[PDB]
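Asker: Just so it is clear, I am handing over data-v3.cif, which has mmCIF, N, CA and C atoms.
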data_input
loop_
_atom_site.label_atom_id
_atom_site.label_comp_id
_atom_site.auth_asym_id
_atom_site.auth_seq_id
_atom_site.Cartn_x
_atom_site.Cartn_y
_atom_site.Cartn_z
N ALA F 1 47.21 74.38 -100.08
CA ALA F 1 46.76 73.94 -98.72
C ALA F 1 47.41 72.59 -98.37
N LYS F 2 47.17 72.10 -97.19
CA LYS F 2 47.77 70.79 -96.80
C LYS F 2 47.29 69.70 -97.75
N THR F 3 46.01 69.55 -97.85
CA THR F 3 45.43 68.55 -98.79
C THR F 3 44.12 69.07 -99.37
N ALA F 4 43.70 68.58 -100.50
CA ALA F 4 42.43 69.07 -101.09
C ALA F 4 41.52 67.91 -101.46
N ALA F 5 40.23 68.11 -101.42
CA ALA F 5 39.29 67.05 -101.87
C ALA F 5 38.91 67.31 -103.32
N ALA F 6 39.17 66.37 -104.19
CA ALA F 6 39.05 66.70 -105.64
C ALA F 6 38.32 65.60 -106.41
N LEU F 7 37.43 66.00 -107.28
CA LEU F 7 36.87 65.04 -108.28
C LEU F 7 37.61 65.24 -109.61
N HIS F 8 37.93 64.18 -110.30
CA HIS F 8 38.73 64.37 -111.56
C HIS F 8 38.17 63.54 -112.71
N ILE F 9 38.05 64.15 -113.86
CA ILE F 9 37.79 63.36 -115.09
C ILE F 9 38.92 63.58 -116.09
N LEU F 10 39.54 62.53 -116.55
CA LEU F 10 40.63 62.68 -117.56
C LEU F 10 40.08 62.38 -118.96
N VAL F 11 40.15 63.33 -119.84
CA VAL F 11 39.66 63.10 -121.23
C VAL F 11 40.85 62.84 -122.17
N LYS F 12 40.77 61.81 -122.97
CA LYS F 12 41.90 61.50 -123.89
C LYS F 12 42.10 62.62 -124.90
N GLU F 13 41.03 63.18 -125.40
CA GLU F 13 41.16 64.21 -126.47
C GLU F 13 40.16 65.34 -126.25
N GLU F 14 40.44 66.49 -126.79
CA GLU F 14 39.55 67.66 -126.57
C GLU F 14 38.14 67.36 -127.10
N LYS F 15 38.04 66.71 -128.22
CA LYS F 15 36.69 66.44 -128.81
C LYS F 15 35.78 65.79 -127.78
N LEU F 16 36.28 64.83 -127.04
CA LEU F 16 35.46 64.22 -125.96
C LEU F 16 35.24 65.24 -124.85
N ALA F 17 36.26 66.00 -124.53
CA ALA F 17 36.10 67.09 -123.52
C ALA F 17 35.03 68.08 -123.98
N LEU F 18 35.01 68.39 -125.25
CA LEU F 18 33.93 69.28 -125.78
C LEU F 18 32.57 68.64 -125.53
N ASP F 19 32.44 67.38 -125.83
CA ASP F 19 31.18 66.66 -125.50
C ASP F 19 30.95 66.70 -123.98
N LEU F 20 32.00 66.54 -123.21
CA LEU F 20 31.85 66.60 -121.73
C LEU F 20 31.43 68.01 -121.29
N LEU F 21 32.05 69.02 -121.85
CA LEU F 21 31.71 70.41 -121.45
C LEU F 21 30.23 70.69 -121.68
N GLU F 22 29.75 70.44 -122.86
CA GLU F 22 28.30 70.66 -123.15
C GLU F 22 27.43 69.74 -122.27
N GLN F 23 27.85 68.52 -122.09
CA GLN F 23 26.97 67.52 -121.41
C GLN F 23 26.62 67.98 -119.98
N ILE F 24 27.57 68.51 -119.27
CA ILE F 24 27.31 68.90 -117.85
C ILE F 24 26.26 70.00 -117.78
N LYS F 25 26.39 71.03 -118.57
CA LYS F 25 25.35 72.09 -118.56
C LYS F 25 24.01 71.52 -119.01
N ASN F 26 23.98 70.85 -120.13
CA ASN F 26 22.71 70.23 -120.60
C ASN F 26 22.20 69.19 -119.58
N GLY F 27 23.08 68.41 -119.03
CA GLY F 27 22.64 67.36 -118.06
C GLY F 27 23.02 67.79 -116.64
N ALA F 28 24.30 67.90 -116.37
CA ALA F 28 24.78 68.39 -115.04
C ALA F 28 24.95 67.22 -114.07
N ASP F 29 26.15 66.73 -113.95
CA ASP F 29 26.41 65.58 -113.04
C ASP F 29 27.90 65.24 -113.05
N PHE F 30 28.69 65.94 -112.28
CA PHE F 30 30.16 65.72 -112.33
C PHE F 30 30.52 64.33 -111.80
N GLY F 31 29.92 63.91 -110.72
CA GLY F 31 30.24 62.57 -110.17
C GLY F 31 29.80 61.48 -111.15
N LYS F 32 28.57 61.54 -111.59
CA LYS F 32 28.07 60.48 -112.52
C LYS F 32 28.80 60.55 -113.87
N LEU F 33 29.08 61.73 -114.36
CA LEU F 33 29.81 61.83 -115.65
C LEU F 33 31.19 61.19 -115.53
N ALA F 34 31.86 61.39 -114.42
CA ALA F 34 33.17 60.71 -114.23
C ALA F 34 32.96 59.19 -114.28
N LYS F 35 31.92 58.71 -113.66
CA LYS F 35 31.61 57.25 -113.72
C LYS F 35 31.38 56.81 -115.17
N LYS F 36 30.61 57.55 -115.91
CA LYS F 36 30.22 57.11 -117.29
C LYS F 36 31.41 57.15 -118.26
N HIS F 37 32.23 58.16 -118.17
CA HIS F 37 33.24 58.39 -119.26
C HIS F 37 34.64 57.93 -118.83
N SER F 38 34.91 57.87 -117.56
CA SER F 38 36.28 57.51 -117.12
C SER F 38 36.65 56.11 -117.63
N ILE F 39 35.74 55.17 -117.53
CA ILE F 39 36.01 53.80 -118.05
C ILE F 39 37.47 53.41 -117.78
N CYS F 40 38.06 53.92 -116.74
CA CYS F 40 39.48 53.59 -116.45
C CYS F 40 39.61 53.03 -115.02
N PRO F 41 40.77 52.51 -114.73
CA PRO F 41 41.03 51.92 -113.39
C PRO F 41 40.83 52.99 -112.31
N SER F 42 40.96 54.23 -112.67
CA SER F 42 40.71 55.32 -111.70
C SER F 42 39.36 55.98 -112.00
N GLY F 43 38.45 55.24 -112.57
CA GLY F 43 37.07 55.79 -112.74
C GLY F 43 36.36 55.76 -111.40
N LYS F 44 36.27 54.61 -110.79
CA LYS F 44 35.70 54.54 -109.42
C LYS F 44 36.53 55.38 -108.44
N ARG F 45 37.83 55.36 -108.57
CA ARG F 45 38.68 56.07 -107.57
C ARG F 45 39.07 57.46 -108.08
N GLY F 46 39.46 57.57 -109.32
CA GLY F 46 39.80 58.90 -109.89
C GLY F 46 38.56 59.81 -109.84
N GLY F 47 37.40 59.26 -110.06
CA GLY F 47 36.16 60.09 -110.00
C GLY F 47 35.88 60.50 -108.55
N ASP F 48 36.72 60.10 -107.64
CA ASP F 48 36.53 60.49 -106.22
C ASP F 48 37.77 60.09 -105.42
N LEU F 49 38.81 60.88 -105.53
CA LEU F 49 40.10 60.52 -104.87
C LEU F 49 40.07 60.94 -103.40
N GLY F 50 39.03 61.59 -102.98
CA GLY F 50 38.98 62.09 -101.58
C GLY F 50 39.98 63.23 -101.41
N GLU F 51 40.71 63.24 -100.33
CA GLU F 51 41.70 64.34 -100.12
C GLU F 51 43.12 63.83 -100.37
N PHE F 52 43.90 64.60 -101.08
CA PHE F 52 45.32 64.20 -101.35
C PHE F 52 46.19 65.46 -101.44
N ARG F 53 47.48 65.32 -101.27
CA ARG F 53 48.37 66.51 -101.32
C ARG F 53 48.86 66.75 -102.76
N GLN F 54 49.48 67.87 -102.99
CA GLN F 54 49.93 68.21 -104.38
C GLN F 54 50.91 67.16 -104.90
N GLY F 55 51.44 66.34 -104.03
CA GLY F 55 52.47 65.36 -104.47
C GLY F 55 51.83 63.97 -104.59
N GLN F 56 50.84 63.83 -105.44
CA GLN F 56 50.21 62.49 -105.61
C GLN F 56 50.07 62.17 -107.09
N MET F 57 49.32 62.98 -107.77
CA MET F 57 48.86 62.59 -109.13
C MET F 57 49.62 63.37 -110.22
N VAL F 58 49.41 64.66 -110.28
CA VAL F 58 49.94 65.43 -111.45
C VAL F 58 50.18 66.89 -111.06
N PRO F 59 51.29 67.42 -111.52
CA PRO F 59 51.67 68.83 -111.21
C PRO F 59 50.58 69.79 -111.70
N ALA F 60 50.19 69.69 -112.94
CA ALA F 60 49.10 70.57 -113.46
C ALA F 60 48.05 70.84 -112.38
N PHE F 61 47.87 69.91 -111.47
CA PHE F 61 46.93 70.14 -110.34
C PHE F 61 47.35 71.38 -109.55
N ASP F 62 48.62 71.56 -109.34
CA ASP F 62 49.09 72.80 -108.66
C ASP F 62 48.67 74.02 -109.48
N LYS F 63 48.78 73.94 -110.78
CA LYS F 63 48.40 75.11 -111.62
C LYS F 63 46.93 75.49 -111.40
N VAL F 64 46.04 74.53 -111.49
CA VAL F 64 44.59 74.86 -111.31
C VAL F 64 44.29 75.19 -109.84
N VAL F 65 44.76 74.39 -108.92
CA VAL F 65 44.57 74.75 -107.49
C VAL F 65 45.08 76.17 -107.24
N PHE F 66 46.07 76.58 -107.99
CA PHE F 66 46.55 77.99 -107.90
C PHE F 66 45.89 78.84 -108.99
N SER F 67 45.01 78.24 -109.75
CA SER F 67 44.24 79.02 -110.76
C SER F 67 42.90 79.44 -110.16
N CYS F 68 42.01 78.50 -109.97
CA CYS F 68 40.73 78.82 -109.27
C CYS F 68 40.76 78.25 -107.84
N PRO F 69 40.19 79.00 -106.94
CA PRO F 69 40.16 78.58 -105.52
C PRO F 69 39.19 77.40 -105.33
N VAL F 70 39.28 76.73 -104.22
CA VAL F 70 38.36 75.59 -103.96
C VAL F 70 36.90 76.07 -104.03
N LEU F 71 35.97 75.16 -104.02
CA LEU F 71 34.54 75.54 -104.21
C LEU F 71 34.36 76.21 -105.58
N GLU F 72 35.10 75.77 -106.56
CA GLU F 72 34.95 76.35 -107.93
C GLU F 72 35.59 75.42 -108.96
N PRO F 73 34.78 74.56 -109.52
CA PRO F 73 35.28 73.57 -110.51
C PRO F 73 36.05 74.27 -111.63
N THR F 74 37.09 73.65 -112.12
CA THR F 74 37.89 74.29 -113.20
C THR F 74 38.31 73.25 -114.24
N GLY F 75 38.33 73.62 -115.49
CA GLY F 75 38.73 72.66 -116.56
C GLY F 75 37.78 72.80 -117.75
N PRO F 76 38.00 71.98 -118.75
CA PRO F 76 39.12 71.01 -118.72
C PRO F 76 40.46 71.73 -118.93
N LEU F 77 41.46 71.37 -118.16
CA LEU F 77 42.78 72.06 -118.29
C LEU F 77 43.75 71.21 -119.11
N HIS F 78 44.79 71.81 -119.63
CA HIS F 78 45.74 71.05 -120.49
C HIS F 78 46.68 70.19 -119.64
N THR F 79 46.86 68.95 -120.01
CA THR F 79 47.88 68.11 -119.33
C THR F 79 48.48 67.11 -120.32
N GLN F 80 49.65 66.60 -120.05
CA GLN F 80 50.31 65.69 -121.03
C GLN F 80 49.45 64.45 -121.29
N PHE F 81 48.69 64.03 -120.32
CA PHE F 81 47.87 62.79 -120.50
C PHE F 81 46.60 63.09 -121.30
N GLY F 82 46.30 64.35 -121.52
CA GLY F 82 45.05 64.70 -122.25
C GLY F 82 44.49 66.01 -121.70
N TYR F 83 43.29 65.97 -121.18
CA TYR F 83 42.73 67.19 -120.53
C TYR F 83 42.18 66.82 -119.15
N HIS F 84 42.55 67.56 -118.14
CA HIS F 84 42.03 67.27 -116.77
C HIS F 84 40.95 68.26 -116.38
N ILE F 85 39.80 67.78 -116.02
CA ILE F 85 38.80 68.68 -115.39
C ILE F 85 38.67 68.33 -113.91
N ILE F 86 38.81 69.31 -113.05
CA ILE F 86 38.94 68.99 -111.60
C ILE F 86 37.96 69.83 -110.76
N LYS F 87 37.28 69.20 -109.85
CA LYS F 87 36.47 69.98 -108.86
C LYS F 87 37.24 70.09 -107.54
N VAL F 88 37.38 71.28 -107.02
CA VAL F 88 38.23 71.46 -105.81
C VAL F 88 37.37 71.69 -104.57
N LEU F 89 37.65 70.99 -103.51
CA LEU F 89 36.85 71.13 -102.27
C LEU F 89 37.78 71.11 -101.06
N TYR F 90 37.22 70.98 -99.90
CA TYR F 90 38.03 70.90 -98.65
C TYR F 90 39.32 71.73 -98.75
N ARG F 91 40.38 71.16 -99.27
CA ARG F 91 41.66 71.94 -99.38
C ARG F 91 42.14 72.38 -98.00
N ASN F 92 42.18 71.48 -97.06
CA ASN F 92 42.73 71.82 -95.72
C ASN F 92 42.41 70.70 -94.72
#
Turn the structure described in the file into structure tokens.

Answerer:
Amino acid sequence: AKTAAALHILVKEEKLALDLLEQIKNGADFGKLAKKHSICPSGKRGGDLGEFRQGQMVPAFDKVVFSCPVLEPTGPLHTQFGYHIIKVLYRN
């Protein structure tokens, strides 16, 4: 689509992603979990990038945006920086 609204959490290693995967079902909070675990310069912003086009952050985003349609969180997916879990919205 032209642009998509996406929430993103970047996990350094799968073991933390495994803790993240279980935590959301047991707890359930994608926005707050990004705040708690991102601890990065893009925690406040990466945890809520708003709408952006495929040419901003990372190609793997094209793979998932072309993997699951918007309104359907997907991840954690494989990426060179670690594992990306992304929630897809708007997308237009």

Asker: Given the file above and the PyMOL selection byres ((chain F and resi 35-37) around 8), which residues are selected, and can you give them as a ChimeraX atom specification?

Answerer: /F:8-11,29-34,38-40,43-44,46-48

Asker: Expand the PyMOL selection byres (((chain F and resi 3 and name CA) around 6) and name CA) into the explicit residue set it covers here, and present it as a PyMOL selection string.

Answerer: chain F and resi 1-2+4+51-53+91-92

Asker: Which one is closest to residue 6 (chain F): F:28, F:70, F:49, F:58? Count only N, CA and C atoms.

Answerer: F:49

Asker: Quick one: pick out all helix (DSSP H, G or I) residues within region 8-58 of chain F from a backbone DSSP run and write them as a list in words.

Answerer: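 Written out, the helix (DSSP H, G or I) residues of region 8-58 of chain F are residues 14, 15, 16, 17, 18, 19, 20, 21, 22, 23, 24, 25, 26, 30, 31, 32, 33, 34, 35, 36, 37, 38, 46, 47 and 48 of chain F.
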
Asker: When you draw a straight line from CA of residue 50 (chain F) to CA of residue 64 (chain F), how long is it in Å?

Answerer: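 Spanning CA of residue 50 (chain F) to CA of residue 64 (chain F) is a straight-line distance of 17.0 Å.
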
Asker: Quote the spacing between atom N of residue 65 (chain F) and CA of residue 80 (chain F) in Å to one decimal place.

Answerer: 15.9 Å

Asker: Using all atoms listed in the file, find all polymer residues with an atom at most 6.5 Å away from the point (44.3, 66.5, -123.3); report them as an MDAnalysis selection string.

Answerer: chainID F and resid 11:14 77:84

Asker: If the PyMOL selection byres ((chain F and resi 72) around 7) were run on this exact file, what residues would it hold? Put them as an MDAnalysis selection string.

Answerer: chainID F and resid 68:71 73:74 86:89

Asker: Quick one: distance from CA of residue 20 (chain F) to CA of residue 75 (chain F) in Å, one decimal?

Answerer: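 The value is 10.5 Å.
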
Asker: Closest to residue 45 (chain F) among F:90, F:85, F:59, F:7, using all atoms listed in the file?

Answerer: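 So, comparing all the options, the nearest one is F:7.
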
Asker: Could the centre and edge lengths of an axis-aligned box, enclosing all atoms of region 63-71 of chain F in the file with 5 Å extra on each side, be given in Å to one decimal as AutoDock Vina command-line options?

Answerer:
--center_x 41.6 --center_y 76.7 --center_z -107.8 --size_x 24.4 --size_y 15.5 --size_z 17.7

Asker: With N, CA, C and O atoms retained, output region 53-88 of chain F as a JSON list (two decimals), in the first residue's frame.

Answerer:
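What follows is the written file part.json:
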[["chain", "number", "residue", "atom", "x", "y", "z"],
["F", 53, "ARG", "N", 6.31, 4.47, 4.63],
["F", 53, "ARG", "CA", 6.30, 3.64, 3.39],
["F", 53, "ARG", "C", 7.33, 2.51, 3.49],
["F", 53, "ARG", "O", 8.11, 2.44, 4.42],
["F", 54, "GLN", "N", 7.30, 1.60, 2.56],
["F", 54, "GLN", "CA", 8.23, 0.43, 2.62],
["F", 54, "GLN", "C", 9.69, 0.89, 2.58],
["F", 54, "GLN", "O", 10.60, 0.12, 2.81],
["F", 55, "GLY", "N", 9.92, 2.12, 2.21],
["F", 55, "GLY", "CA", 11.32, 2.60, 2.06],
["F", 55, "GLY", "C", 11.69, 3.46, 3.27],
["F", 55, "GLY", "O", 12.03, 4.62, 3.14],
["F", 56, "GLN", "N", 11.65, 2.90, 4.45],
["F", 56, "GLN", "CA", 12.03, 3.69, 5.66],
["F", 56, "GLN", "C", 12.98, 2.89, 6.53],
["F", 56, "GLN", "O", 14.00, 3.37, 6.96],
["F", 57, "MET", "N", 12.50, 1.77, 7.00],
["F", 57, "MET", "CA", 13.22, 1.08, 8.10],
["F", 57, "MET", "C", 13.94, -0.17, 7.59],
["F", 57, "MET", "O", 15.13, -0.32, 7.75],
["F", 58, "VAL", "N", 13.20, -1.16, 7.15],
["F", 58, "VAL", "CA", 13.83, -2.48, 6.85],
["F", 58, "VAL", "C", 13.01, -3.24, 5.80],
["F", 58, "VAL", "O", 11.80, -3.26, 5.85],
["F", 59, "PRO", "N", 13.71, -3.85, 4.88],
["F", 59, "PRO", "CA", 13.05, -4.62, 3.79],
["F", 59, "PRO", "C", 12.17, -5.73, 4.36],
["F", 59, "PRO", "O", 11.01, -5.83, 4.04],
["F", 60, "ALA", "N", 12.71, -6.55, 5.22],
["F", 60, "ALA", "CA", 11.90, -7.63, 5.86],
["F", 60, "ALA", "C", 10.46, -7.14, 6.10],
["F", 60, "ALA", "O", 9.52, -7.90, 6.02],
["F", 61, "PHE", "N", 10.28, -5.87, 6.32],
["F", 61, "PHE", "CA", 8.90, -5.32, 6.47],
["F", 61, "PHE", "C", 8.07, -5.63, 5.23],
["F", 61, "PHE", "O", 6.93, -6.04, 5.32],
["F", 62, "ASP", "N", 8.65, -5.51, 4.07],
["F", 62, "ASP", "CA", 7.92, -5.90, 2.83],
["F", 62, "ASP", "C", 7.53, -7.37, 2.90],
["F", 62, "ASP", "O", 6.45, -7.75, 2.50],
["F", 63, "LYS", "N", 8.40, -8.21, 3.39],
["F", 63, "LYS", "CA", 8.07, -9.66, 3.46],
["F", 63, "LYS", "C", 6.83, -9.88, 4.34],
["F", 63, "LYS", "O", 5.90, -10.57, 3.94],
["F", 64, "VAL", "N", 6.80, -9.33, 5.52],
["F", 64, "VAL", "CA", 5.62, -9.55, 6.42],
["F", 64, "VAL", "C", 4.40, -8.79, 5.89],
["F", 64, "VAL", "O", 3.34, -9.36, 5.73],
["F", 65, "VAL", "N", 4.55, -7.55, 5.53],
["F", 65, "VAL", "CA", 3.40, -6.82, 4.92],
["F", 65, "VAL", "C", 2.86, -7.63, 3.73],
["F", 65, "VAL", "O", 1.67, -7.66, 3.47],
["F", 66, "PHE", "N", 3.71, -8.37, 3.08],
["F", 66, "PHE", "CA", 3.25, -9.28, 1.99],
["F", 66, "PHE", "C", 3.05, -10.70, 2.54],
["F", 66, "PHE", "O", 2.63, -11.60, 1.84],
["F", 67, "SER", "N", 3.25, -10.87, 3.82],
["F", 67, "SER", "CA", 2.97, -12.18, 4.46],
["F", 67, "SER", "C", 1.57, -12.17, 5.06],
["F", 67, "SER", "O", 0.65, -12.74, 4.51],
["F", 68, "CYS", "N", 1.37, -11.42, 6.11],
["F", 68, "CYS", "CA", -0.01, -11.27, 6.66],
["F", 68, "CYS", "C", -0.55, -9.88, 6.33],
["F", 68, "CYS", "O", 0.18, -8.91, 6.33],
["F", 69, "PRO", "N", -1.82, -9.83, 6.04],
["F", 69, "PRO", "CA", -2.47, -8.54, 5.68],
["F", 69, "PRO", "C", -2.59, -7.64, 6.91],
["F", 69, "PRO", "O", -2.48, -8.09, 8.04],
["F", 70, "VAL", "N", -2.85, -6.38, 6.71],
["F", 70, "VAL", "CA", -3.01, -5.46, 7.87],
["F", 70, "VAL", "C", -4.12, -5.97, 8.80],
["F", 70, "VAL", "O", -4.78, -6.95, 8.51],
["F", 71, "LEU", "N", -4.26, -5.37, 9.95],
["F", 71, "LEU", "CA", -5.23, -5.89, 10.96],
["F", 71, "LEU", "C", -4.87, -7.33, 11.34],
["F", 71, "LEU", "O", -5.73, -8.15, 11.62],
["F", 72, "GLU", "N", -3.60, -7.64, 11.38],
["F", 72, "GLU", "CA", -3.18, -9.01, 11.78],
["F", 72, "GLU", "C", -1.70, -9.02, 12.16],
["F", 72, "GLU", "O", -0.84, -9.13, 11.30],
["F", 73, "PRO", "N", -1.44, -8.85, 13.43],
["F", 73, "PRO", "CA", -0.04, -8.78, 13.92],
["F", 73, "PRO", "C", 0.75, -10.00, 13.45],
["F", 73, "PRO", "O", 0.22, -11.10, 13.34],
["F", 74, "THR", "N", 2.01, -9.83, 13.14],
["F", 74, "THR", "CA", 2.83, -10.97, 12.65],
["F", 74, "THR", "C", 4.23, -10.91, 13.26],
["F", 74, "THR", "O", 4.80, -9.85, 13.45],
["F", 75, "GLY", "N", 4.80, -12.05, 13.57],
["F", 75, "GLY", "CA", 6.17, -12.06, 14.17],
["F", 75, "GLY", "C", 6.21, -13.06, 15.32],
["F", 75, "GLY", "O", 5.22, -13.70, 15.63],
["F", 76, "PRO", "N", 7.35, -13.15, 15.96],
["F", 76, "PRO", "CA", 8.53, -12.35, 15.54],
["F", 76, "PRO", "C", 9.13, -12.91, 14.25],
["F", 76, "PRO", "O", 9.24, -14.10, 14.07],
["F", 77, "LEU", "N", 9.48, -12.05, 13.33],
["F", 77, "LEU", "CA", 10.03, -12.52, 12.03],
["F", 77, "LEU", "C", 11.56, -12.41, 12.02],
["F", 77, "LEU", "O", 12.14, -11.71, 12.82],
["F", 78, "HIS", "N", 12.22, -13.12, 11.15],
["F", 78, "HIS", "CA", 13.71, -13.10, 11.13],
["F", 78, "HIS", "C", 14.23, -11.82, 10.46],
["F", 78, "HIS", "O", 13.85, -11.50, 9.34],
["F", 79, "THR", "N", 15.18, -11.18, 11.06],
["F", 79, "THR", "CA", 15.85, -10.02, 10.40],
["F", 79, "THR", "C", 17.32, -9.95, 10.83],
["F", 79, "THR", "O", 17.71, -10.53, 11.82],
["F", 80, "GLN", "N", 18.15, -9.30, 10.05],
["F", 80, "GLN", "CA", 19.61, -9.28, 10.37],
["F", 80, "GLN", "C", 19.84, -8.64, 11.75],
["F", 80, "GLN", "O", 20.81, -8.94, 12.42],
["F", 81, "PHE", "N", 19.01, -7.72, 12.15],
["F", 81, "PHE", "CA", 19.23, -7.03, 13.45],
["F", 81, "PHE", "C", 18.75, -7.89, 14.61],
["F", 81, "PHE", "O", 18.96, -7.57, 15.76],
["F", 82, "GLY", "N", 18.06, -8.97, 14.33],
["F", 82, "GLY", "CA", 17.53, -9.82, 15.43],
["F", 82, "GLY", "C", 16.19, -10.42, 15.01],
["F", 82, "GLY", "O", 16.08, -11.06, 13.98],
["F", 83, "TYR", "N", 15.15, -10.13, 15.74],
["F", 83, "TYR", "CA", 13.79, -10.59, 15.33],
["F", 83, "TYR", "C", 12.82, -9.41, 15.36],
["F", 83, "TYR", "O", 12.72, -8.70, 16.33],
["F", 84, "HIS", "N", 12.08, -9.21, 14.30],
["F", 84, "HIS", "CA", 11.09, -8.09, 14.28],
["F", 84, "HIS", "C", 9.67, -8.62, 14.48],
["F", 84, "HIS", "O", 9.14, -9.32, 13.64],
["F", 85, "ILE", "N", 8.99, -8.11, 15.47],
["F", 85, "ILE", "CA", 7.53, -8.40, 15.54],
["F", 85, "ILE", "C", 6.75, -7.13, 15.20],
["F", 85, "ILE", "O", 7.10, -6.05, 15.62],
["F", 86, "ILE", "N", 5.83, -7.22, 14.27],
["F", 86, "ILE", "CA", 5.21, -5.98, 13.73],
["F", 86, "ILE", "C", 3.69, -6.08, 13.74],
["F", 86, "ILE", "O", 3.11, -7.00, 13.20],
["F", 87, "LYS", "N", 3.03, -5.04, 14.19],
["F", 87, "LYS", "CA", 1.55, -4.98, 14.05],
["F", 87, "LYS", "C", 1.19, -4.09, 12.86],
["F", 87, "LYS", "O", 1.75, -3.02, 12.69],
["F", 88, "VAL", "N", 0.37, -4.56, 11.96],
["F", 88, "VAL", "CA", 0.10, -3.80, 10.71],
["F", 88, "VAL", "C", -1.30, -3.16, 10.76],
["F", 88, "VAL", "O", -2.27, -3.81, 11.10]]
